[PDB]
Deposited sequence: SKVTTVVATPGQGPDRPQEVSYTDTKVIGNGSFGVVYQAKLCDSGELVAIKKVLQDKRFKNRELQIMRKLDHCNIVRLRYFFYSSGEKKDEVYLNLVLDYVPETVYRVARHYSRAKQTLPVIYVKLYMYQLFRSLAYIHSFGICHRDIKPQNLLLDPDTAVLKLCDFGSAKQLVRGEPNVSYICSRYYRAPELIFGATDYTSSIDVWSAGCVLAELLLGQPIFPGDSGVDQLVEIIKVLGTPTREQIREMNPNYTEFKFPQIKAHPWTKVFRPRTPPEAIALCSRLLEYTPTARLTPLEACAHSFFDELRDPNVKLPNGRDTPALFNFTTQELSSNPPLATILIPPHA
C-alpha cells in the first residue's frame, strides 16, 4: 500500500507537468545505464516501466529528446518523465509496460527444439520495419536493433521497438562512433570500424533478427569481430574489393579466406518459405546502399499474408493495426502505399 507521488511532464504534447501517483514498485532489471522499475499507476491501474538514469548536468538527455518527438504504434510510448535523486540528479522515463520481448519468446521456442510459426515471424518483422521506416524518416538511427529491444504483447501480437539509449540522428558528413550495436547484430561496416555509416545498419540488424527467428539461433555468432566476419563470409561469400570500399575500412589490410557464395536455400531448414529467404538476401548485403529500405521491406511479398483480408491471429483475435500509415511514414517512397495499404483497409 506504498504510494509515490511526483510532478511529471507528459512525453507528447506541451510541457505541462501534472501530479502522478504510482504503486507496487519493483525492480525488473539493471540496464547498464541504470535501473528499470515496474509500477502501477494509481488512477488508471495501468502498468508502467520506469527507466532511472543519471542526469548529465552539461547537456540534456539525448534519449529523452528523441523519445518526445516519436509517436507511433510500434514504438514504446513515453507516458511521463520526471527528475529525482548521492546528491546527483536522476532522469526517470515512465513508459507503457509491455510484458514480453522477441528474445524471451524466441528462446522458449528455441530450447524446446521448435521454430516460431511463420505468421508471428511475419507479424513481428513487419512491425519492426514500420518502426524503422518511421524513425529513419526523421533521420534517426536506432543503432542497437536486437531481439531484447523488441517488446511484445502476446495477446494482441503488437511489437514495440524500445531502448533509444544508443539512438542518434545521422547527418551525412558528420562522423559517428563505430562501437555501437550489439554483438551478432552488427553490420560489416561497423565491424570494419566505419564512422560514415547510415541508417542501413538497422536494416542489417533487422535481417539478423529475421534469420535468427527462422534458424532458431543467431546466424552470425562469434566472440570477436574476426569470428563474426568468417560466419558472414561463409554465407555471403568473400566480399569484392568494390564491396569492401563501400563498407569503408580504408587503411587496414584485407586478407580473408577466398570462399564461394554458399547458396541461401541451404542456410535454412528444408520447408522454410522461399520469400523469407529472398527477403534475408536483400537485407543482409555487404553494400549498405544495396539493402532494402524499411518501407521496401514492408512491401515485400513475404508479408502478403498480412494484407490478406481473412488473416487472423492463431488465438482467434484480429491482427493489430498494420495499415494506418501516415505521410511522414511513407515519405521515403509514397507510391508504395498502393501495395502497403490493401483494398479492404
{"item": "Coordinate gaps, deposited numbering", "value": "86-88"}
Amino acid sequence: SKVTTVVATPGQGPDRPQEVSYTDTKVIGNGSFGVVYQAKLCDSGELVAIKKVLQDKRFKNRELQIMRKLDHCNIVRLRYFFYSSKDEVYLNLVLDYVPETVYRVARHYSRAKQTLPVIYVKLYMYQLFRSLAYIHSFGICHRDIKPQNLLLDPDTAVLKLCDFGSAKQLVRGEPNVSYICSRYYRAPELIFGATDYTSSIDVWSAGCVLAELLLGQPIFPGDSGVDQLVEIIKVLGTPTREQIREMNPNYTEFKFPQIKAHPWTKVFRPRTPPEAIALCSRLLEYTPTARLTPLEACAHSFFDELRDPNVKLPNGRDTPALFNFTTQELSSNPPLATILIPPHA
From here on, numbers count along this sequence of modelled residues.
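Between two forms, the rigid core is defined as the largest C-alpha subset superposing within 1.5 Å.
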query: Which of 151-159 and 219-227 strays further in 9 other deposited structures of this protein - Cα RMS after rigid core alignment; finding: 219-227
query: Which of 290-298 and 52-60 lies farther from this form in 9 other deposited structures of this protein, as RMS of C-alpha positions after a rigid core fit; finding: 52-60
query: Selected stretch [higher average CA B-factor]: 102-110 or 160-168; finding: 102-110
query: 200-208 or 265-273, whichever carries the higher mean Cα B-factor; finding: 265-273
query: Peak C-alpha temperature factor (PDB record), options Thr293, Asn315, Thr319, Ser44; finding: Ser44
query: Residue with highest C-alpha B-factor in the PDB entry, from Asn74, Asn250, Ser224, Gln148; finding: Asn250
query: Chain third (lowest, middle, highest) by recorded CA B-factor, residue given as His300; finding: lowest
query: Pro239 by Cα B-factor - lowest, middle or highest third of the modelled chain; finding: highest
query: Position of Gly139 among the chain's modelled residues by C-alpha B-factor, lowest, middle or highest third; finding: lowest
query: Within-chain third of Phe192 by Cα B-factor, per the entry; finding: lowest
query: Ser178 - which third its CA temperature factor falls in, relative to the rest of the chain; finding: lowest
